[PDB]
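Chemist: The structure under discussion is supplied below as structure tokens; questions concerning it will follow.
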Amino acid sequence: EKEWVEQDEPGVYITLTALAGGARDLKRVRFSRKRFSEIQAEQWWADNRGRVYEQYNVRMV
Amino acid sequence: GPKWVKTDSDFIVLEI
């Protein structure tokens, strides 16, 4: 079960998983407090959720 | 959840 982190926008780090090169899953998104307030991080997720699922090839169930 | 975790001083975490 591979698990890794991708650099997204500055201050946004996305953890993905896959088993043996199978379908990918989105495990978590980490936001730097250097770059994000809690209000900003919530708004970011609303604005970027669809792009994150498409770009990183995670089925948006 | 997704659930927000706000206890860390360096990061906010959205646990999917």
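FYI, it's all coordinate maths here, none of it is from the lab. A quick note on method: Cβ atoms are made from the backbone with ideal geometry, for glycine too, and the neighbour counts reach across all protein chains shown.
Chemist: Please report the spacing between the Cα centers of chain A and chain B in Å, no decimals.
Modeler: Computed from Cα coordinates, the inter-centre distance equals 12 Å.
Chemist: What does the average come to when, for each residue of peptide A:7-15, you count the partner chain Cβ atoms lying within 10 Å of its Cβ?
Modeler: Values: counts 0, 0, 0, 0, 2, 0, 2, 2, 3.
So the per-residue partner count for this stretch is 1.
Chemist: If you don't mind, there's one more thing I want to ask. By the scheme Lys and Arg +1, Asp and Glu -1, what is the net charge of all other residues having a beta-carbon under 13 Å from that of A:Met60? Each step should come with its number before you reach the end.
Modeler: Working: positive: A:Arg24, A:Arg49, A:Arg51, A:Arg59; negative: A:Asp25, A:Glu54.
That works out to +2.
Chemist: Something else: Using a 10 Å cut-off around each Cβ of peptide A:27-35, what is the average number of partner chain Cβ atoms that fall inside? Walk me through the numbers before you get to the answer.
Modeler: Details: counts 3, 8, 7, 8, 6, 3, 6, 2, 0.
Average neighbour count from other chains, rounded to a whole number: 5.
Chemist: Let me ask you something else. Counting partner chain Cβ atoms within 10 Å of every residue's Cβ in B:5-13, what's the average?
Modeler: 5
Chemist: Rounded to two decimal places and with Rh computed the Kirkwood way over Cα pairs, what is Rg over Rh for the protein assembly as shown?
Modeler: Numbers: Rg = 12.3 Å, Rh = 12.8 Å.
Here the Rg-to-Rh quotient is 0.96.
Chemist: On to the next question. What net charge do the residues around A:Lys2 carry, taking every other residue with its C-beta under 13 Å from that of A:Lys2, with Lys and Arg at +1 and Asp and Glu at -1? Spell out each step's value before the answer.
Modeler: On the way: positive: A:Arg24, A:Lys27; negative: A:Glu1, A:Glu3, A:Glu6, A:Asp25.
Its environment carries a net charge of -2.
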